[PDB]
Structure formats: structure tokens, C-alpha cells
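Chain order of the listed sequences is s and r. Per PDB author numbering, residue 106 is the first one in the first sequence, and the count goes up by one each step. Per PDB author numbering, residue 22 is the first one in the second sequence, and the count goes up by one each step. Every residue, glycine too, gets a C-beta built ideally from N, C-alpha and C.
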Amino acid sequence: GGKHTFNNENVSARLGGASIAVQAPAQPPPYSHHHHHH
Amino acid sequence: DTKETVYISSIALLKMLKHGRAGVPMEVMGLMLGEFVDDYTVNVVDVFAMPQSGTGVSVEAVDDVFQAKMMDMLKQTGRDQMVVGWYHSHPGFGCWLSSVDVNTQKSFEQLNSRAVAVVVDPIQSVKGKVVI
Numbered sequence: 106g107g108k109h110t111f112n113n114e115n116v117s118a119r120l121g122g123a124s125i126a127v128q129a130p131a132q133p134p135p136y137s138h139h140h141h142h143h
Numbered sequence: 022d023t024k025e026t027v028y029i030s031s032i033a034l035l036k037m038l039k040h041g042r043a044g045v046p047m048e049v050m051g052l053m054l055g056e057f058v059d060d061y062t063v064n065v066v067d068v069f070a071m072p073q074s075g076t077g078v079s080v081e082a083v084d085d086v087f088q089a090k091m092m093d094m095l096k097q098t099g100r101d102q103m104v105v106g107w108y109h110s111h112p113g114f115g116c117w118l119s120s121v122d123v124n125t126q127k128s129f130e131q132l133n134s135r136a137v138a139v140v141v142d143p144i145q146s147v148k149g150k151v152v153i
């Protein structure tokens with residue numbers, strides 16, 4: 106009744122994103138006004 | 022209309038496989054020679070091959086004379102007799118027929134009301150369990 110094949114391949118890309126990280130050192134100011142400047 | 026043995030000559034068979042296998046993956050088709058009997062032993066004698074454009078799933082006979090130019094070339098030896106049927110091949114798919122097969126088979130029967138088709142499957146046809 107049917108002679109064709111299908112050949113289900115992985116022609117599609119894909120991805121899994123949980124790029125979870127730790128540090129975040131971005132920007133500590135301990136001199137918000139330099140604390141008497143002097 | 023039963024109990025119909027189909028004897029085959031061993032010279033016939035192995036020619037059916039060899040040309041029936043050398044063309045693999047693309048399928049392949051030839052002819053049978055033999056002779057009807059009253060009802061039961063529709064024997065077979067010898068076979069041969071029509072030229073053809075073979076695919077993995079489909080094929081036809083290109084030339085319409087190499088089967089006619091050769092019988093007339095055979096009777097000089099008369100090593101065989103007239104035509105009785107035709108075979109074809111499903112290389113890995115199982116043994117059955119298709120809507121194309123019947124349309125051509127439907128010609129032979131009305132032409133001659135006991136002609137026969139033959140199906141073979143050489144890939145899964147191991148040194149044991151043939152499936153013809």
C-alpha cells in the first residue's frame with residue numbers, strides 16, 4: 106500500500122537555556138560621597 | 022480451483038535471484054516460460070529479462086521487442102517452450118502486489134486465464150527462509 110520511507114532526522118536546531126551564574130560583582134560604591142572627602 | 026502445485030525447475034529459480042539481486046537496491050523484472058496443464062501443475066521451465074528502467078520502488082519494460090526477438094531466436098534450439106507468466110521484485114519490502122501490478126496482471130489473465138505473477142524479496146531471503 107505504501108513504499109515510501111520517512112527518515113525522521115534532526116535537521117532542526119535546538120537549545121536549552123539555563124545559563125545560571127553566580128558572581129555578579131558589578132559595582133560597589135563604598136564612596137557614595139567620599140565620607141567627608143578628606 | 023485449488024490444490025494447484027507450482028513446480029519450478031532449479032535452472033529457473035537461481036536465474037530469478039541473480040538478476041533479481043544484482044540490480045539491488047533498484048528493483049527488477051523479467052519473464053517466465055512454461056506450460057499450463059489441465060488445472061493443477063502450472064509448471065515453469067526457464068526465465069529471462071526484459072530491459073528496463075529500475076528504481077527502488079518502480080520499473081517498467083523499456084523495449085517491447087527483446088522478449089519477442091529472442092523467443093524467435095530460441096526456437097532454433099527450442100530449448101524451452103512458450104510464455105506462461107512474469108515476475109518482479111520487491112527488494113526489501115515484503116512479498117505482495119500493488120495497484121500497478123494488477124493493472125498489468127489484469128491484462129494477462131484476460132489474455133490467458135491462468136497466467137501467474139511471482140514475487141521475490143532477496144534482501145531478507147537468507148540461506149534458509151526464502152520468502153518467494
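Rounded to the nearest angstrom, what separates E48/r and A118/s at their Cα positions?
Residue numbering aside, residue 48/r sits at position 27 when the second sequence is read from its first letter. Residue numbering aside, residue 118/s sits at position 13 when the first sequence is read from its first letter. A direct Cα-Cα distance of roughly 36 Å separates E48/r from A118/s.
Alpha carbons only, please: which of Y61/r, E81/r, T76/r and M94/r is nearest the one belonging to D122/r?
The residue you call residue 122/r lines up with position 101 of the second sequence. When each option's Cα is compared against that of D122/r, the closest is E81/r.
Cut-off 8 Å between Cβ atoms - residues of its own chain near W117/r, not counting five sequence neighbours on either side
Your numbering for residue 117/r matches position 96 in the second sequence. Its chain contains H111 and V140 as the residues whose beta carbon lies nearer than 8 Å to that of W117/r, once the 5 sequence neighbours on both sides are disregarded; these appear in chain order.
DSSP three-state call for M53/r: helix, strand or coil?
The sequence position of residue 53/r within the second sequence is 32, counting from 1. Here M53/r sits in strand by DSSP.
Using the C-alpha atoms, what's the distance from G121/s back to residue 144/s?
This structure cannot speak to residue 144/s, because chain s is shown only from 106 to 143.
Can you tell which of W107/r, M50/r, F129/r and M71/r has the C-alpha that lies nearest to the C-alpha of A138/r?
Here the question's residue 138/r lines up with position 117 in the second sequence. Closest in C-alpha terms to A138/r, from the list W107/r, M50/r, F129/r and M71/r, comes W107/r.
Take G113/r as the anchor and find which of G44/r, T62/r and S30/r has the nearest alpha-carbon.
Taking the second sequence and counting its residues from 1, the one referred to as residue 113/r is at position 92. For the options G44/r, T62/r and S30/r, the alpha carbon positioned closest to that of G113/r is the one of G44/r.
Following the continuous alpha helix (DSSP H) through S31/r, name the residue where it begins and the one where it ends.
By one-based count along the second sequence, residue 31/r stands at place 10. Boundaries of the alpha helix (DSSP H) harbouring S31/r: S31 to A43, taken from the DSSP string.
So, at 6 Å on beta carbons, what are the nonlocal neighbours of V27/r in its own chain, with the 5 sequence-adjacent residues on each side left out?
To locate residue 27/r, count along the second sequence from 1; it is residue 6. Cβ neighbours of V27/r beyond the five flanking positions: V63.
The beta strand (DSSP E) with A129/s in it runs from where to where?
Here residue 129/s is taken as the residue at index 24 of the first sequence, counted from 1. Here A129/s belongs to no beta strand (DSSP E), and DSSP marks it neither H nor E.
For the region 101-126 of chain r, enumerate the residues whose C-beta is nearer than 7 Å to any C-beta of chain s, in chain order.
Answer set for the region 101-126 of chain r: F114.
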